[PDB]
Amino acid sequence: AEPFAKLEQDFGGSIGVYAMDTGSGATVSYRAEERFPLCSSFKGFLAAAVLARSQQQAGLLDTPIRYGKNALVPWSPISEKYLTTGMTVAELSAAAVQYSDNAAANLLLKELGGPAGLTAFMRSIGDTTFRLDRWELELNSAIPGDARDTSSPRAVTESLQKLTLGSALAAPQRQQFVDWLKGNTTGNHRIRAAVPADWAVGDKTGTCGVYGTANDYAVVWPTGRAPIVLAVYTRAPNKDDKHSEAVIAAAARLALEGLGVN
Ligand SMILES: *[B@@]1([O])O[C]([C]C([O])=O)[C]=[C][C][C]1[N]C(=O)[C]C1=[C][C]=[C]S1
């Protein structure tokens, strides 16, 4: 734990890490059961919830979703770009996961019954820690001591494992979820930066923009070996504290090293 302690002291905040090697059964934990803000990392689980619903509702993924300028909140690059084209549930899901599109996230939350709807999905797969309470962009406030819109690194990792590798999703939906995570564009300097270039990685990042609060979770497939699942979350005491991608990458390296994975 000393390397993690040194890392968060250099960073000037708190770091939460949980990692599991699904081959060896080994785990690494540091503040793994503390709460950290989700920021955009909830958007991965949001896409999973959509996929789960699509198992029972034919045509859900291809359903056109109506939105205009009014729905476009800051950082909606894809939904703004394709406003004229039109977007479906599936396209919004890809946008939320891979570009962290905020309007897409809100539109999908609405289809699922809001933050409460997504929280109930996570409950249904056995996640008692996850809570989403607000919409974009209020959910990014990341106030120290505030449990709203938080989870723990361990719960995040366990739920991610259930959805990508376990049986929480039917096989086709599981693979679609994996493919969306693999295609994420926002995580190249976080967990992926700690991983050898020929290992397959799927991830979703989060960046609140305040209180040094940012994160990443991932499934990593070492070549020819069983996958690793891990979560790295950070926060800091003051509103204007900067988050650090290098710190997330470093924490992921420490996690991999702790599992004895090279
Ligand atoms: B969110 O957390 O996702 C991040 C990108 C990421 O995946 O790390 C950035 C924009 C959408 C979400 N964040 C916010 O809405 C607050 C903002 C932080 C920077 C610009 S907006």
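Residues numbered from 1 in each chain as written, not as in the entry; some residues may be left out. Heavy atoms only, no water. Residues with missing side-chain atoms left out of burial classes, pairs and counts.

X-ray crystallography is the method the PDB entry lists for this structure, together with a resolution of 1.7500 Å.

How would you summarise the side chain of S40 if you had to cite specific residues and measurements?
Examined against the element boundaries, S40 turns out to sit in the loop between β3 (36-37) and α2 (42-54). Separated by 3.1 Å, the side chains of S40 and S100 make a polar contact. Beyond its immediate chain neighbours, meaning those up to four positions away, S40 contacts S100, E136, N140, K204, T205, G206 and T207. (Helix = DSSP H or I, 4+ residues; strand = E, 2+ residues; numbered from the N terminus. Polar contact = N/O pair within 3.5 Å; in protein donor to acceptor, adjacent residues only side chain to side chain. Contact = heavy atoms within 4.5 Å.)

Could you give an account of the packing of helix α1 (residues 2-11) against helix α9 (residues 245-258), with specific residues and numbers?
For the pair α1 and α9, the least separation of the axes is 10 Å and the interaxial angle reads 175 degrees. On the basis of their axis angle, the class for α1 and α9 is roughly antiparallel. For the pair formed by α1 and α9, the contact residues are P3, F4, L7 and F11 on the first element and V247, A250, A251, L254 and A255 on the second. Looking at the contact of α1 with α9, its residues break down into nine nonpolar, no polar and no charged. (Axes fitted to C-alpha atoms, helices over the stretch in contact; angles between N-to-C directions. Parallel < 35°, antiparallel > 145°, perpendicular 65-115°, else oblique. Nonpolar A, V, L, I, M, F, W, Y, C, P; charged D, E, K, R; others polar.)

An account of the nonpolar core is requested, with residue identities and associated values reported.
By size, the foremost hydrophobic cluster in this structure holds 50 residues, and its most contacted members are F42, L118 and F121. Ranked by the residues each element gives to this core, the list is headed by α2, at nine residues. Excluding its chain neighbours within four sequence positions, the residues that come into contact with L118 are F42, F45, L46, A49, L109, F130 and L132. Judged by nonpolar contacts, the second largest core, of 28 residues, contains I15, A214, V247 and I248. (Core = buried A, V, L, I, M, F, W, Y, C linked by side-chain atoms within 4.5 Å. Buried < 20%, exposed > 50% of the residue type's maximum accessible area, 1.4 Å probe, protein only.)

Kindly report on the packing of aromatic side chains, identifying the contributing residues and their values.
This structure, assessed with the given rule, holds four aromatic pairs. When the ring of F36 is compared with that of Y233, the centres are 6.5 Å apart and the planes differ by 55 degrees; the resulting orientation is tilted. Remark: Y233 occurs in strand β7 (residues 228-235) and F36 occurs in strand β3; sequence separation between them is 197 residues. For the pair formed by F36 and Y233, the shared burial category is buried. (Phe/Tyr/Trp six-rings, centres within 6.5 Å; stacked < 30°, edge-to-face > 60°.)

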